[PDB]
Amino acid sequence: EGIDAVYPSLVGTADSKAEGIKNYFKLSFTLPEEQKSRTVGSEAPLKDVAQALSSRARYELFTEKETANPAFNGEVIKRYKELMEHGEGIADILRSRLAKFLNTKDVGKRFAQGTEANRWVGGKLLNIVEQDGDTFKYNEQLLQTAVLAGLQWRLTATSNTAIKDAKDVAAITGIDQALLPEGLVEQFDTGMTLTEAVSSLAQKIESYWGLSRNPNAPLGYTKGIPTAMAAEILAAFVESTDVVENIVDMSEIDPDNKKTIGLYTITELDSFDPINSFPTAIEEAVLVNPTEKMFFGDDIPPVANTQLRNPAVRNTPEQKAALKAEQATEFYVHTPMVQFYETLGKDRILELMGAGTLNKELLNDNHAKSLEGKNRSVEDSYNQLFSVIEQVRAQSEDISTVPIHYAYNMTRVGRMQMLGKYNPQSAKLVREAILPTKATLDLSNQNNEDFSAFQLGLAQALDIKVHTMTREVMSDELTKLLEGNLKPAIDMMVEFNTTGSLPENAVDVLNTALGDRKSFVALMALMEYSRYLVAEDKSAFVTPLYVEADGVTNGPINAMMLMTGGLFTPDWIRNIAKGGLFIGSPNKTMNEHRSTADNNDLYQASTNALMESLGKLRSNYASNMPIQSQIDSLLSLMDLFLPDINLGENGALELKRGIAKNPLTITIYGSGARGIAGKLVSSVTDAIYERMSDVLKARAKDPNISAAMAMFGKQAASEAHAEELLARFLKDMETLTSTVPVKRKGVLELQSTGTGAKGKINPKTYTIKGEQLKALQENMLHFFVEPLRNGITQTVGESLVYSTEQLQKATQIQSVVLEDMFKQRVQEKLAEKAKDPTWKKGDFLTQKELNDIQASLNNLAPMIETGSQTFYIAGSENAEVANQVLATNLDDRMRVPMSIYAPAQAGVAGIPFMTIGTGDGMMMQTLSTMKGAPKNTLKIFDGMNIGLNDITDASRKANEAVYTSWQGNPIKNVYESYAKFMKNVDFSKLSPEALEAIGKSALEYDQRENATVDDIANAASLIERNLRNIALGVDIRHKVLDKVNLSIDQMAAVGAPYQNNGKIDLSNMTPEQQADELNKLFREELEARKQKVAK
DNA sequence: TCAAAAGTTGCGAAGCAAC
């Protein structure tokens, strides 16, 4: 009588083994102990809620609160009266759609005679209907509560959607990642797919119903009934033009595939709509514990219990203390920046910091697609920021004294991420209007220690490398700028402060003054400096300007220290000092290192190594004229359209550090050679398309110009020079796209593809795609990426790349077994339910049964524990296991497959998990919970913003967190889990397909052709012993380094290093002598451990 | 390379065939 008394008129009995029609709504949901929604028990939820939104007094009575939100004023109330009236029209559409369903093919007649039409995939919505004479009808309470959830979804769905990159789009369309056409990635980010639109809508409907799931009920009904309602509601929104549905077929570009995907977009509201100032009135009136809201003053967000997108993993007690600390920080609004934005306007913001207005006639088709993509990001963040200001402004008269709190969560890689899409952590436009930092400096004298802190904030914002020069040098360079190029822009800003108006040529003045330093933080620097000039009391200046303590190549430096074994080498000592680890130099900062000792970083060192490898490759084929010409053509082509590569008149090749930035970062994350080659070619093609646009522009100005001058005029001294460069571009393009190199027996041969690029170029429709793109990627892969990888390996060392190889092999093998066992166990269960008279194929399993299968995998160690973090590499949500439809709508459309939480193959994802989680992920967690942790800071990944009053103390603490995180042992954590897996595994019970996959990671090509199960088992145990040796070597290295004096300056902005107070002096020694001293301590530690085992 | 997942529709009432 718990749920059978609330809904007594629903069709069918509530017995799982009855004879007639059974009601699976009452067999799957139970009333909660304490109420969660205020719509349970009402008769007309659409009228009860609409009554509560008609006044301020009624809203407080319904919600049982002393005072409502101050933003709930008269204008918002009127806008909410039209929304409810619009919601009554959506309900009428749903009621009429059902009656049509029951009238076709006599579905209603058959269902009344005993046919179980409520168990079909397309008829699961018959479990919430009631009899009415000779026909059926909806249940008013359940239907109207679903419409209320639909109206709230229509207002906030867009701002909560996720971000899909090129990798995600490839998985949807099925095309290869490296050959994704132009504009396809950004097209899929405008709208939402069917799976993500229905799933997000279904979650809202279930929450508003306020019931609990039954653990012993099938997953096809506890998840299908809410989903069948979501598809019907979305169909009604399309009919009402509130949602636009678009169908895109992939056969127009790739004839091979036949996929046809549909995209949905929500019609947006006006930027001046009063409803944007308080868009969550419905949610807070229905849910006892709302989720979508904004927190002011003493409202502190709650702490989450499970990892983001990972319900099986719980946040450790140490990780929960970090979330609590970061959610207590108060954010404030900077009024002068907000007034500058609205006076400038949205159109002028796009012109300045975006692409401005676009003339599609005078642009290339591929160029114009990219330009439109960059305009959307700036416009979306502008609209989001100013909708927040409207809500903040109603709280009090002074907008700058209203505290703001934000909610965080733990990502699956161990990072702390803000919730939302456009927040201070993610959007750079919003970063300069909402700050947690503040200061009160004394700037009456220019020689004060407070003025030097003020200059450091301005210099860094204006793109000056403040961590490579001393304080006196930085001050000199800033003064040259403030009285040179930047003077006209500062003068305009001074007049704006006193008057409040801007000139008509504001964009021209800022573009001319800033130039290549243009950014959002560069505008704040001009605003703060011009505010200081006009101030009358300079001894108490209050500013929110900040200084960021960025990490110098945080990625590669972390990996080189956490995953290197064996003895010390003089090259490791030299290269590790470029990241900020100094041995034998007390109180040494990075400003002193770069100024006197070495002015190169890891990016510059790798480029120097690449040049050495390139010369070796060139001389290797000194007698191969066809090969030599192919290498020359590739380098000539990249010279024209890339600023980092230049060709001398004598053939000398000079490279800059720009080309080694992206490849070095992604090589650490385990990216293959094919990924780097695809990215490098993409940069070259983008520059080519931009050049074709200039041809169109020059032709319009003068239609009698020559082709060579219209394209290379800006880079040619005379007409003859332009003609020469045009010939090079034509010849190089046809050479690379005709013949490609193929590697076999270890040497390279030239093979003709027969698809050379010939014809006349059209500037409007010029495009490189298909077999022409693949030829370009083959030349770059075998002539530029292979030498590049050799150079990177030399700088980071061969010992580091050996640790990453074993790490990837162990995780891939373990994940393969976990996935195969999971599938093998759900098939045995489904074969037992086949003998159940009351079970129908399609209900799948229950939640209790799914937990039992997962709980049987605990002896294979699916999770890696470091003592303060937990990682689950193999977890995913795939629809392959279920392999059936969950629910459709009444029109036999919008079919949604069933997805469950099941393990999947890892691949190369093992390397990023350990490098990021135990690296900057662990360091930031330490920083928040350590003793005397800094306050009022914004902690971006591998960075931190600090107020001007405590730059010195907070920087020292930041270096101490880095030192603490450098004592971790990621290889030891993997070894402990892999040792337990090899103790309880049984290789003889694996499927033949799984055995082949294991052999691809544990055996060589010539040995895995006809391997047995004993060969695979034996080869897998050798990896276990390889991981044991690496972990022992890393452990000894950290103990030896703790005995000597060190200085840590990884965050190099300010110049405050941390000391490890060792008691062994390694000063006045060369790097060769220091390596000998450390190797002596390595052997003393090793011998002591071995004697302990013997004794 | 890490931070989620991925086609649509007739016929008949599940799952293959057509595009």
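A note on names: the letters A, B, ... follow the listed sequences, proteins ahead of strands, and every chain is numbered from 1.
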By the 4.0 Å heavy-atom rule, please label [X] as base, sugar-phosphate, or nothing.
X        : answer
A:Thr411 : sugar-phosphate
A:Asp249 : nothing
A:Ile261 : sugar-phosphate
A:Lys105 : base
A:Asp165 : base
A:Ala879 : sugar-phosphate
A:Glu196 : base

> Between the main-chain N or O of A:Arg415 and the side-chain N or O of A:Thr411, is there a donor-acceptor pair closer than 3.5 Å?
Replying inline: yes

>> When you measure from the side chain of A:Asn118 to the backbone of A:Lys22, do you find a donor-acceptor pair of N or O atoms at a distance under 3.5 Å?
In response: yes

> Taking all atoms of both residues into account, what is the closest heavy-atom pair of A:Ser1001 and A:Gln812, and its distance?
Replying inline: OG-CG, 3.7 Å

Could you work out the separation of [N] and [M] based on their [atom1] atoms and round it to a whole Å?
N      : M      : atom1 : answer
B:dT8  : B:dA4  : P     : 23 Å
B:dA5  : B:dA14 : P     : 31 Å
B:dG10 : B:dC19 : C1'   : 12 Å
B:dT9  : B:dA18 : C1'   : 9 Å
B:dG7  : B:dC16 : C1'   : 16 Å
B:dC2  : B:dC11 : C1'   : 45 Å

> Which residue lies toward the 5' end of DNA chain B, A:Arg893 or A:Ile666, if each is placed at its nearest nucleotide?
Replying inline: A:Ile666

>> Both A:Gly672 and A:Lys259 contact DNA chain B. Which one's nearest nucleotide lies toward the 5' end?
In response: A:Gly672

Looking at residues at least two apart in the chain, or sitting in another chain, which of them share a side-chain contact (heavy atoms from CB on, under 4.5 Å) with [X]?
X        : value
A:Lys258 : none
A:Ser899 : A:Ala879
A:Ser381 : A:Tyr422, A:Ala427, A:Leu429

>> Taking any atom closer than 4.0 angstrom to a non-hydrogen atom of chain A, what span of DNA chain B does the protein reach, first nucleotide to last?
In response: B:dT1 to B:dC19

> Is any NZ, NE, NH1 or NH2 atom of the basic residue among A:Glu292 and A:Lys204 found under 4.0 Å from an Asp or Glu carboxylate oxygen of the other?
Replying inline: yes

>> As an exercise, state the distance from CG of A:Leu323 to CD of A:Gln925, rounded to the nearest 0.5 Å.
In response: 9.0 Å

> Sequence neighbours excluded, which residues qualify as salt bridge (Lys or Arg N to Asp or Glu O under 4.0 Å) partners of A:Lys223?
Replying inline: none

> Which ranges of DNA chain B pair up as stems, where a stem means three or more consecutive Watson-Crick or G-U pairs with both distances under 3.5 Å?
Replying inline: none

